[PDB]
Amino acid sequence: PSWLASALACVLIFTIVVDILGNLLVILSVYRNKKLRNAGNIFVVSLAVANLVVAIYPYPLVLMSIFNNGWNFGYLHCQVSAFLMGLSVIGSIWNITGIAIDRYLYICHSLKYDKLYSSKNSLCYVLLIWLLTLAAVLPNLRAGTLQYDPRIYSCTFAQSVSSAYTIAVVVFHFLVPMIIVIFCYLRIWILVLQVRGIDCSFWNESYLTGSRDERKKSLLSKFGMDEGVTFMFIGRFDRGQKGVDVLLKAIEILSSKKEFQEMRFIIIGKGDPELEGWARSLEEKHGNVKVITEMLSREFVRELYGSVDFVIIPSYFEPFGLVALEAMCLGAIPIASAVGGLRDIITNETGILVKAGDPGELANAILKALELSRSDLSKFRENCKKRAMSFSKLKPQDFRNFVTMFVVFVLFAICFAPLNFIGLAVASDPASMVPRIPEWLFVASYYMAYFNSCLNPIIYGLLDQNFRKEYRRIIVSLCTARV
């Protein structure tokens, strides 16, 4: 239809104008604003340079080609314009990966140190990204996989020339970065929820009265057992979640060992009546095993964390693991499954890590925990506290920039997911699938991808307070005369 042709031209005109003005504002703002002048934003400047390239030479030729309803320029213009569109779109996905790693390394640095993370080698990594993308786009000139597509009025990467090239492009320059970025932002989100989650004004040693040795002697006395190395579990009783069954099997393995006499176990929780029986059975057979099926208050749990020597976390699946942080507040050394969430909290100096679902490896860990002398235990406890303390320090920070960068990525993925999905579909049978795929779907997936080249300036102005203020600062400074 006549309107379908002129509609596409509007989209490109809009994309071009917004891209040039908007990305000039992004590059200006970063070098103008002191807060935006960080080296971690070098990745944002190269991304704006990548976005700008397509609007000066390739996109205006595509716009002219709509009106000509054909390629009226040379084969060389068809090759160079197709090439620079490659450099831009491949450069931008890798630059987005660069930001995703930079930000994940920034949160980790602020957790371990009081000094601000300085992305010192950031400019050196941007030079590797453009060497990586130039290495990926350049083989296409000799392969002859760049040609004109009448359906979208442009010269681009033809997905039907050779399926091997298109499969590799979809795998290495879309799926691989996707997995890396999804991993970076997932690990960031969990660490923010842990920062949010902890309460240092509740889980605080100040509320505990005497000495640790005293508190423990008193706790054990109430339970009717002598002084020993005491271990505690606090969780639901279930087959494949919190792993009280791995702990129960471990207590059985240790009951034949001489070293068991020196051990004390406080198992707290409820759930499977079978796992309740097994636990009550070990309680009757051994006077160093105590089970608490009742529900205890935060206050009493806080006293237990400040008395017991170790907290066992034998979980199969533990997304956040606030329990470990809560225990570390009151100097309880955790022995926990090296699963997600707990591996982020427990460092090698602040606890013992074990492979989930192995009663043998847990039994040996408990034996290793027993062999630790008072002196080693004091440093371990001190470390545990310095680790909990580093989580709560990040509480007043502004986590808005993480959201803006995440939105910049999410929108990139939406714009390019159809193109890459079609890419795969065409790769399966280029001869058969070129007609079998709808024309509206094809034209939409290409112009959606083109539209992405103007989105980042709009996002920065809508979610980042600094970019919003600076955009206005520049606009006025150029349009308000001096007299």
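The first residue of the shown sequence is 1; numbering continues from there.
- The question of which stretch, 12-20 or 470-478, has the higher mean Cα B factor is settled in favour of 470-478.
- Averaged over CA atoms, B-factors in the entry run higher in 273-281 than in the other of 273-281 and 245-253.
- For the set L362, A324, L116, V195, the PDB entry puts the maximum C-alpha B factor at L116.
- Looking only at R103, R142, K395, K385, the residue with the top Cα B factor in the deposited structure is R142.
- The deposited CA B-factor of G351 belongs to the lowest third of values across its chain.
- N51: CA B factor in the middle third of modelled residues in this chain (values from the PDB entry).
- Sort the chain's modelled residues by C-alpha temperature factor and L441 lands in the highest third, per the entry.
- The PDB entry assigns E227 a C-alpha temperature factor belonging to the highest third of its chain's modelled residues.
- When the CA B factors of the chain's modelled residues are split into thirds, the value for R215 lands in the middle one.
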